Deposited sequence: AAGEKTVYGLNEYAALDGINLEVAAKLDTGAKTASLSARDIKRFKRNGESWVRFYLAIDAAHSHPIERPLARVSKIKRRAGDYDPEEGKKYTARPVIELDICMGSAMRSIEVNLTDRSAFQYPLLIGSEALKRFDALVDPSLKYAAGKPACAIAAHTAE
């Protein structure tokens, strides 16, 4: 398949039931997620990370993931429109990043995406 998306879309981090506004950035290779209170730990010998979305001020959706300018990288099932893809994401502790999720060129390739710069939120709400 090959789906057309816009400069910005709504994405859902599957499993955490959270809708984030995503900026589709073909100039960046890797994807980025704005996070807060990033804590690295070990679980049964495997490197893991625990964090909240930068938007989750109430700390309602703690996210614990095994580990997949030097940010930890994890794999997240992200839903955009009707397309669900496992995406590699760098957890950044910055917050000046306006868009909570930055989707780079590699993730966009995983999404089979064509970016129309004249469109915004063309996929509607996530419905995977």
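Undergrad: Which parts of the deposited chain sequence are absent from the coordinates, listed in sequence order?
TA: Sequence ranges with no C-alpha atoms are 1 to 3, 72 to 91, 152 to 159.
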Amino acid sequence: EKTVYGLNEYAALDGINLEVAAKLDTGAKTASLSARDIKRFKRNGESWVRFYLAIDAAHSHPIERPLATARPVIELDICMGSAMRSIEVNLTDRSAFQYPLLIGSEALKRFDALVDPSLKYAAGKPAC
From here on, numbers count along this sequence of modelled residues.
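Undergrad: Quick check on the record: does 55 to 63 or 95 to 103 carry the larger mean Cα temperature factor?
TA: It is 95 to 103 that shows the higher mean C-alpha B-factor.
Undergrad: Which is higher on mean Cα B factor in this entry, 69 to 77 or 28 to 36?
TA: Mean C-alpha B-factor is greater for 69 to 77.
Undergrad: Looking at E9, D116, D112, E19, which has the highest Cα B-factor in the entry?
TA: Of the options given, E19 has the highest CA B-factor in the PDB entry.
Undergrad: Which third of the chain does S86 land in by C-alpha B-factor: lowest, middle or highest?
TA: It falls in the bottom third of the chain.
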